[PDB]
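J.: sequence first, structure after, both from an experimental entry:
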Amino acid sequence: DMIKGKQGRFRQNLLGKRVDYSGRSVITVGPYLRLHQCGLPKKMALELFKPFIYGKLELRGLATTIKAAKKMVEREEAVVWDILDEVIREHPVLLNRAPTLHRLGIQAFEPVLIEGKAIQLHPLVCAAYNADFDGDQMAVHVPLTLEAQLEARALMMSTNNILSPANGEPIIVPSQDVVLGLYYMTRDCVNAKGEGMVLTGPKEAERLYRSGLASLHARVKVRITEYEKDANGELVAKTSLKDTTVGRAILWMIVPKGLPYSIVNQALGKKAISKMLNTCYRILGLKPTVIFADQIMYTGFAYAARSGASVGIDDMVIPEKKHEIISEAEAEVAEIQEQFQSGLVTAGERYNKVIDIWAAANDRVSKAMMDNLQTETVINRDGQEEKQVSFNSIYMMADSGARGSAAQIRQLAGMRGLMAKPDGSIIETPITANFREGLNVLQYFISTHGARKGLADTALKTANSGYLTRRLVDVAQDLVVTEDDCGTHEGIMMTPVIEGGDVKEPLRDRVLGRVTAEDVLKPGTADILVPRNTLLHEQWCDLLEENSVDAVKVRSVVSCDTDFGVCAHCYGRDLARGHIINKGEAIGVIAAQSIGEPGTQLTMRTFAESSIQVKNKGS
Amino acid sequence: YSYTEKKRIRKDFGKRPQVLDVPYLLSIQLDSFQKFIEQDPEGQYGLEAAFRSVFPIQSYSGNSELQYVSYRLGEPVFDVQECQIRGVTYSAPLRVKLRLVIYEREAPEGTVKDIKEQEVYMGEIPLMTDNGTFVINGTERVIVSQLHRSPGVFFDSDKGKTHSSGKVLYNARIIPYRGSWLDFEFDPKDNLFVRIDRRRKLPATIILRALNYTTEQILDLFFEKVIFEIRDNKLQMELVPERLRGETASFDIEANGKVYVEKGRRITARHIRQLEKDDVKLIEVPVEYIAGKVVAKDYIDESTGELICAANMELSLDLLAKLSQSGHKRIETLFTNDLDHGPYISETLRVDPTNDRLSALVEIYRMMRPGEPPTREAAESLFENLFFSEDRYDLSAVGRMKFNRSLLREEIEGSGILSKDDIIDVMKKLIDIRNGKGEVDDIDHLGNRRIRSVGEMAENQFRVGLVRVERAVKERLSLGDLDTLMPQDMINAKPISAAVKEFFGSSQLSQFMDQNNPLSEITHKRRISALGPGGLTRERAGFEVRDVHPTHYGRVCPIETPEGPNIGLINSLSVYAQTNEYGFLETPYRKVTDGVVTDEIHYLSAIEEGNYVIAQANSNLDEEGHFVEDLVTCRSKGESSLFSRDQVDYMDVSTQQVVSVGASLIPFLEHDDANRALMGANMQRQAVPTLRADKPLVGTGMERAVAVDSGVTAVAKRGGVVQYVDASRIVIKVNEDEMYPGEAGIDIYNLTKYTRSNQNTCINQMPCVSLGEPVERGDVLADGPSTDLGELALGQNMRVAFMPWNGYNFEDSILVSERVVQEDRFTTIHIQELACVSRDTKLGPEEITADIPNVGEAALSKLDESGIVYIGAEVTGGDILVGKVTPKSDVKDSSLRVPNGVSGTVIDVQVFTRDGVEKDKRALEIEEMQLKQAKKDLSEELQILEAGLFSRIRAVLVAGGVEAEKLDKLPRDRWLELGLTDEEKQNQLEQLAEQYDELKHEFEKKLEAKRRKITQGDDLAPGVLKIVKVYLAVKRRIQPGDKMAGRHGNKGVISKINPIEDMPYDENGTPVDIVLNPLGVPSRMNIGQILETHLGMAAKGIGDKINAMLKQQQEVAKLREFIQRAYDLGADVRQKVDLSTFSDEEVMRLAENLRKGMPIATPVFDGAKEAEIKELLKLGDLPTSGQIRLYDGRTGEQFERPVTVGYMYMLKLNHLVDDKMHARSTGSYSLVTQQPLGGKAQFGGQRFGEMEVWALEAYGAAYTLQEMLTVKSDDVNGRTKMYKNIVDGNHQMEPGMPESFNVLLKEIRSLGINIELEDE
DNA sequence: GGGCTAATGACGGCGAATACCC
RNA sequence: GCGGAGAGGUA
DNA sequence: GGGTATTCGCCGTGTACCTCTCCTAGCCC
Ligand SMILES: Nc1ccn([C@@H]2O[C@H](COP(=O)(O)CP(=O)(O)OP(=O)(O)O)[C@@H](O)[C@H]2O)c(=O)n1
Ligand SMILES: [Mg+2]
Ligand SMILES: [Zn+2]
């Protein structure tokens, strides 16, 4: 019993030890931080770094012997805090959050001493940690040896991990306040203060906005000098007059050199900001992306605060035609029930009909509410009137992708749809009321069943997923990229997965970063488009998009020839960094972690075929 | 209104009239334990039942019987408070009256001796406090009610997952309250198997065999007979037509001259009608048809005697021929209709190897006790005691009720033991369901789930103790001599007290009262746990049990349940629900007499609820109990729909009855998603009492119910007038109405000042009333922790603004203004207890003296001569709380020190000495402090009684000659020594003198008793001389990192404290207190916080208006007009408060209390609609939209798009960053695996778990993982070398091999496995 | 207080051990 | 005073 | 006897953290 089992041994005491020089505390926002740092309480920092403190105290001669150093640390005199500041200077600490799902659950930061007893965590990294400031706690470890320090600062530091190891996409994308602020800043309005005035640059745009002589969003012609690296790494300035908002110019001030203006010119929601960061990374590189992300955070926070976005009861508008829709659906259900009691239709048919008419009524009311709420600002230009995408605070939070989806908006302002009873069957009458209105005992009770079932599911799923990912990391642990190139011709034929109606997943992402097994030819023989095994980076993939290549044979890890591990080429590039995999990397654990994190994460997130219809004109 | 209500009335929204008032919320615990004690004649639930169940104890045929008369609960020696102080269990001695009778050995039974014992002592039973808790070792415990399967019989299906070939195999399980279980199940091959509780599955018929039933008797009892007559030739059958239902015809069914059913055509309904009206009884049938049937009776050859065919033998042509030649005219076959009536018992009989009763009993014994040769009497006794012995096997009153209801018998009251008809009926119903004319039961139905409260579980444990002592006494009375011993050497209390103290102390359902909040206490007591004994385990439990059932309506709260691993297995009980006589759950409903909705309330259980159509509470009733709408919304079989006016049988009592108390406290529950409501209730039970709790501006009205029903308030027992008010006691002179005629006196309420709650929070009571105010019975005299004037004040209500403020409220985190800390409103007092124990070692007793080796006099400065800190001294981590020396004699100190990093003031010290040493200083101070108070209380009572006696002496002296000039100027004590003319009056004076003496003598014995109780050594564990306890009190202020929450499920970590100037401010200049993120609303669909903010802004606006009108002190008229217009506010409200009836002084006091903001009361589902909030906002002169324009305190610039501001009631949860925060460099390591300790109490390091290891492996981080694995935790030489190396200013390190691996090697080698570390 | 002795409320998956049908 | 049971809670 | 079903029994069932009580047992002098 001591050996076997979870609690006993190997799992408990030989793969799961309990380190020294470690601490724990509650995490907090700390917006002012740089991406590569973390607020660390003075007293915790002193406790952790005690032996470092003693060493530095003895070197400076402030203490004759080690016991005097201990006594001096236990009094905590000004000299001790000065020594702590000096030793902490470049020493990085590891921050970890309890469910270390993937490798981004542990990251290294440079600490900044602060008052208080809570650890301050940079907002942008919360998404990587799945961290929320609602009582989440984090542990903080101190790498001791010199080798540990280099590893933390080079391999593990927060700024070095911006791309997820699972898929290539960025991890540090702005989450909710940043994206809301940026959205508010970039969206335009038909008529405002400073409508249609011509600005010599973004700098006077800020002059105008901060002085209150122009609205943060108001259509204007501004002269801007964008830079584009079209040559071999040289930047060429093109300077012209664009039609934009004041806000978009103000935002343009931050944007690093290499990027086209177009990037910011749009509404700038969640997707737009994420792809902005993505492009900034692909074009400029790491360091500009880091600094640009920090700038994005700061400007988003600032202008979100200046926006004053709030949520009043009237901000969520009940569609005016809701009551009619509900009365109509009730009349229809009454008619169908009466026509049932006479016995011309079975119970199942009546069930299906009622469920379908109620679903249709729900969609109708939802669409009516979304029309009402979405584009309701009928504000006037100089003369006649016009209509535009509203400034309803709940709508901006929905549309920007900061919080909420259309579904939750429906649950607030529409009817909250159909529910499922224990066995999975759907109740005939739906919950017509919404949270702006009040539910009644029955409707509440039903939604209670829903919520309880979801919470129980999350807990059971969490256990099952934790088991599955544990098995995965176990099986694939020993696999390492050992050789540079095995030199095999074998490979897997990669196609775009076209499930039925359309292209669920295109070629470019499916092939991106894989080396080819053999050269693929143009639609005309002897027209080699890609040499023998080449890593397919964005440029090659785009080139394939320009041509009409349909299927590409790419070297796969399964067919790799290397003994006792895999070779770099058969694997490919994809990493938190951009380049071909480096010899020595443990791909087994990264693969297992990347395949298991979502399953546990998704459960928490949850908390006919009669005729074919060709979608596009073809043979 | 009552006086506490007239002090501060709460504006109540809410349209429907409350017919039933909230019951006493702790009814469950009190009523159950009362039933437990309950000296009662007829043995019902109760200790009495246990005694009568186990007694009378007769010897193993030794003819020495033991009888029970009655029991008495001794008076507890220690009251609740002193018992908590002294760390002992609060209990009562249990005394039972017995008689030992020895009947003559060889005579008609008659006692040759009967001796009656002088109330023999059989151990201690803990008593329950007035509030419904138990003090078990000076800690307040609660015994949570347990939901579990009720005794009876249940028919389950367990389908779908049965061998994956369909074959839904049913089973009937008979579960008693006390006794072994019975199980009948099927198999893929439709053979019915019995399984005694949890063993192997035998063919069921053996049990039928054990019941003395012969095979022919069984086939009679189960199968319907079929008659075969042979008349002149070939097998004619007596046929009952209705039996043919659903049967393809196998032969040509001709009758009375006409073929009716052609051979091959299935019998149709037309044919059925034809044959029925024709009256066809008998039909001749081909022998092929009979060639397959089965024989019922055992037909022997009457002529020769040799048996031919046996009972339940398949028929073959040869057997039919033998039967025909033997002369059998009447053949009895079985009716096996493969559609309806299957051959289930037949096939079991074929598989059943046993034939006689004896072989069946033998097989049973070899299943129960496998391997030992069974002897006849052993098997007989085993089987008899198994299911039919009254003592061993008892179902229950409830078990029998469920059993009889399940088998559709009119009789409800049966015998506990399983009679044979019971078993046969159970198997009949099982095979019945197997044919398909019946439904299986669902375990999750509350009609199938019974609640065992405290008293019942205690009774079970006590019976178990009794069975132990009973076996013991049985043996001792047999072996030992009969007539010498008296009935107290014979009976041992040890097993009884062991079982009872085991249950109360060390049990799964006996757990600490969650005592940091009044709601926490009250909700902990009214809890229903599905865990514990005979309960499903939390981790194992499948979702189906956890999922809410339609039966929970009005019985269990659907939304309040821990969201941890045991979600759904806790289920706090609803507001109005109660427990039945049989332990089920019932909820009140208003009866409906066909048109009018009457006012008589009936409590309905699950089953009774199932039949009727119940109307909702939020149904519109106009002035005469008639529904306004023609089609109203009801529920009939667990599903709601529309029913007609003249169809509803019952109606919900009130909207609140669905939800628990915790959920009922949330305002605007109707607008919160169930998930976030769940989290809101769960957290709200975690709020810590602040220094001055105030009130919710937006409540639900339940606050007073919760505060009063919890024991934290001090409530008047007999109404009167407040005579004396102090911040320790309230003394009230009773009103003459309630005043007892004989020996009344006055009422005294001692309050409790800062004491330690279970969670280390403060429990302090403040007086509400002032000198000379009249109080009525049931008013709130003193406010408990986090309660104000009778109302629950869990947290405090502050001005919040929903906006993102430079990402300091980024995630659920919260921004707070320095004004909140300045006004010191979220600072709580906590209280730690520390204990220093001086035991007796064999090297010599340790000492508590202040002479402590090698400590500087700095440490002693704050210590007295005895070595204990002074009360009121401010200490810090590491300071010496008390001085102790370890004998060797000294040179080493075991003195207790303040734990590292905790600093507060020593408010109290206590000393408990078994030695009772003459001269302990601290003991002297504590004794004098307790004594002087006791003296004061006794002196006050004595002085009042003396004043009364003197008044009576004056009233007698005035008769017989008025003397008022001389008398009034000489002192009163000079009235007894005076005299009067010798008459009856002198006799009355002698009477009063003897009464004076009697009052003195009663005082003296009470004083002596109190002083003996104070002085006595406070019974310590063996080996411990004495113990000194020290209480520290610490004022913890809110700081960044603490957790704050609302009532609606919104959470957060306090992220930053802003200066007052930086915070947003309205035009008027008032800054907000908290800046709360809006983005937490849309995805977390808790809209209740937004409406709460709006209504709170309206309420504080009105309160502000009243403050403005009061500060200028206009006149009573204006205040009355404004407050009346406010209290009315529209119509359809059940308030109708009349300000005019209240006196001007009362109205002025009400304005003073409302000046801080008029409190609203929105009930959960019968709440305040938006329009009413709009009206209230308008009355206060505030924006109707509930949003205000705010100015940025840093920049001064206005925010575009005005923001929602208003007052919301926020709570500081017990999760305090300073408690959470922790770090270590180096410290103590563990013994076996040399890794550093885990935890916070001992320094302890964080656990770098396997997931974290994987994280490091995902990086190329080999050295970090390496050091983390060996140097940081487990490698001894590595850790010490690394400490020295770091101190030396070098960071190199050597890794070595972890000690835990070596432990692993040694442990594996300890098996028979040689595992070696190789070398080459 | 100290000293001495020796029951029942998981479930699935998987692979081995009989049950049985030729 | 290393441990292990039981109970509750946090994320 | 050899292959196919069927019963049978073992093994597993997410991490990190924070509070509290209670711990070899029984009987007699
Ligand atoms: N029993 C549990 C409960 C929670 N957790 C973990 O604690 C976090 C809470 O997520 P959460 O769902 O509470 C908030 P989030 O995921 O960010 O979504 P939202 O903010 O839009 O609401 C998650 O990372 C869980 O993995 C756990 O390991 N075990
Ligand atoms: Mg969180
Ligand atoms: Zn390869």
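T.: Now that the structure is in, tell me what you want to look at. Numbering: from 1, shown residues only, chains lettered A, B, ... in the order given. Ligands and ions are numbered 1, 2, ... in the order given.
J.: neighbouring strands for the helix or strand harbouring residue B:797, and are they parallel or not?
T.: Using DSSP states H and E, residue B:797 sits in strand B:796-802. Sheet partners assigned to strand B:796-802 using DSSP bridges are listed as strand B:1074-1076 (parallel), strand B:1203-1212 (antiparallel).
J.: which one of those lies closest to ligand 3?
T.: Closest to ligand 3 of the strands paired with strand B:796-802 is strand B:1074-1076 (CB to the ion; 55.6 Å). The way it works is simple: take the backbone N, C-alpha and C, and place the C-beta from them, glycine included.
J.: can you tell me what sits against that closest one?
T.: By CB atoms under 8 Å, 6 or more residues apart in numbering or on different chains, the surrounding residues in contact with strand B:1074-1076 are B:798-803, B:805, B:808-809, B:814-817, B:820, B:1050, B:1052, B:1063-1064, B:1208, B:1210.
J.: closest point of the stretch 501-619 of chain A to DNA strand C, which residue?
T.: When scored by CB to the nearest atom of the strand, the stretch 501-619 of chain A has residue A:599 as its residue closest to DNA strand C, at 16.9 Å.
J.: how far away from the center of its chain is the helix or strand in which that residue is found?
T.: According to DSSP H and E, residue A:599 maps onto helix A:587-606. Distance, stretch centre to chain centre, for helix A:587-606: 15 Å (CA atoms, centre = their mean, to the nearest Å).
J.: neighbouring contacts of that helix?
T.: Under the contact criterion CB under 8 Å, 6+ apart, helix A:587-606 has outside partners A:99, A:101-103, A:130, A:164-167, A:454, A:457-458, A:461-462, A:465-466, A:468-470, A:472-481, A:557, A:566, A:571, A:581, B:1254-1255, B:1257-1258.
J.: which of the residues you listed fall within strands?
T.: Among the contacts of helix A:587-606, the members falling in strands (DSSP state E) are A:481, A:566.
J.: out of the contacts of helix A:587-606, which end up buried?
T.: A:99, A:101-103, A:130, A:164-166, A:458, A:461-462, A:465-466, A:469-470, A:472-473, A:476, A:479-481, A:557, A:566, A:571, A:581, B:1254-1255, B:1257-1258 (16 or more other CB atoms under 10 Å in any protein chain shown).
J.: from residue A:21, how far off is the residue lying closest to residue B:1243 once chain neighbours are set aside?
T.: In space, residue B:1243 comes closest to residue B:1227 once its chain neighbours are excluded; the distance is 3.8 Å by CB to CB, 6 or more residues apart in numbering or on different chains. Distance of residue B:1227 to residue A:21, given as CB to CB, to the nearest Å: 11 Å.
J.: by residue count, what's the longest helix in the chain?
T.: Unless you meant another one, I'm taking chain A. In chain A, taking DSSP state H as the definition, the longest helix is helix A:441-475.
J.: switch to chain B, that's the one I care about
T.: Per DSSP H, chain B has its longest helix at helix B:921-958.
J.: now it: buried residues?
T.: Neighbour-count burial for helix B:921-958 flags B:922-923, B:925-926, B:934, B:940-942, B:945, B:949-950, B:953, B:957 (criterion: 16+ other CB under 10 Å).
J.: so what's the gap between that helix and the chain middle?
T.: Worked out by CA atoms, centre = their mean, helix B:921-958 lies 43 Å from the chain centre.
J.: all strands of the stretch 151-300 of chain A, in order?
T.: Per DSSP state E, counting those that start in this stretch, the stretch 151-300 of chain A carries strands over the ranges A:198-199, A:219-228, A:236-245.
J.: tabulate those strands (a markdown table), appending mean neighbour count and distance to chain B.
T.: What follows is these, written out as a markdown table (neighbours: other CB atoms under 10 Å in any protein chain shown; distance: least, CB to the nearest CB, whole Å):
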| stretch | mean neighbour count | distance to chain B |
| --- | --- | --- |
| strand A:198-199 | 16 | 20 |
| strand A:219-228 | 18 | 17 |
| strand A:236-245 | 14 | 14 |
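J.: helix or strand right after the helix or strand in which residue A:367 is found?
T.: Residue A:367 is located in helix A:347-374, with elements delineated by DSSP H and E. Sequence-wise, the next helix or strand downstream of helix A:347-374 (DSSP H and E) is helix A:393-399.
J.: can you give me how far the next helix or strand after that following helix is from the chain middle?
T.: As assigned by DSSP H and E, the chain's next helix or strand after helix A:393-399 is helix A:406-413. Offset of helix A:406-413 from its chain centre (CA atoms, centre = their mean): 22 Å.
J.: helices or strands next to helix A:406-413 in the packing?
T.: Other elements packing on helix A:406-413 under the criterion 3 or more CB pairs under 8 Å, 6 or more residues apart in numbering or on different chains; DSSP states H and E are helix A:347-374, helix A:393-399, helix B:1080-1083.
J.: what distance do you get for the residue of the stretch 751-900 of chain B found nearest DNA strand C to residue B:1185?
T.: Here the stretch 751-900 of chain B gets closest to DNA strand C at one residue, residue B:840, 7.1 Å apart by CB to the nearest atom of the strand. Noted for residue B:840: a distance of 75 Å to residue B:1185, by CB to CB.
J.: what's the answer for residue A:284, then?
T.: Using CB to CB, residue A:284 is found at 46 Å from residue B:1185.
J.: does stretch A:111-118 reach chain B?
T.: Yes: residues of stretch A:111-118 contacting chain B under CB under 8 Å from any CB of the partner chain: A:116, A:117, A:118.
J.: closest one to DNA strand C out of those, please.
T.: Distance to DNA strand C across the residues of stretch A:111-118 next to chain B (CB to the nearest atom of the strand) is lowest for residue A:118, with 39.6 Å.
J.: spatially nearest residue to the closest one (excluding sequence neighbours)?
T.: residue B:1041 (2.9 Å).
J.: give the contact list for that neighbour.
T.: Contacts of residue B:1041 by CB under 8 Å, 6+ apart are A:25, A:26, A:28, A:116, A:117, A:118, B:1053, B:1054, B:1217, B:1218, B:1220, B:1221.
J.: one more time with 7 Å, if that's ok
T.: By CB atoms under 7 Å, 6 or more residues apart in numbering or on different chains, residue B:1041 lies in contact with A:25, A:26, A:28, A:116, A:117, A:118, B:1053, B:1054, B:1217.
J.: and what of residue B:113?
T.: Residue B:113 makes contact with B:101, B:102, B:483 under the criterion CB under 7 Å, 6+ apart.
J.: tally of neighbours for the residue of the stretch 601-750 of chain B found nearest ligand 2?
T.: Residue nearest to ligand 2 within the stretch 601-750 of chain B (CB to the ion): residue B:679, separated by 11.3 Å. A count of neighbours around residue B:679, defined by other CB atoms under 10 Å in any protein chain shown, yields 23.
J.: tell me the secondary structure for it?
T.: Assigned with DSSP: H, G, I helix; E, B strand; the rest coil, residue B:679 falls in the helix class.
J.: not counting its neighbours along the chain, what's nearest it?
T.: residue B:1049 (4.2 Å).
J.: was I right about residue B:202 contacting residue B:191?
T.: No: under the criterion of CB atoms under 7 Å, residue B:202 makes no contact with residue B:191, lying 11.0 Å away.
J.: could I get the contacting residues of the residue of the stretch 651-800 of chain B found nearest DNA strand C?
T.: As assessed by CB to the nearest atom of the strand, DNA strand C sits closest to residue B:660 within the stretch 651-800 of chain B, at 20.0 Å. If a contact means CB under 7 Å, 6+ apart, then residue B:660 has B:523, B:557, B:560, B:572, B:573, B:574, B:575 as its contacts.
J.: mind running it again at 8 Å?
T.: Residues near residue B:660 by CB under 8 Å, 6+ apart: B:523, B:526, B:557, B:559, B:560, B:572, B:573, B:574, B:575, B:681.
J.: separation between the closest residue to it other than its chain neighbours and residue B:677?
T.: Excluding the flanking residues, the one nearest residue B:660 by CB to CB, 6+ apart is residue B:557, at 3.5 Å. From residue B:557 across to residue B:677, the span is 10 Å (CB to CB).
J.: who's in contact with whichever residue of chain A sits closest to DNA strand E?
T.: At 1.7 Å from DNA strand E, residue A:466 is the closest residue in chain A, using CB to the nearest atom of the strand. Residues near residue A:466 by CB under 8 Å, 6+ apart: residue A:600.
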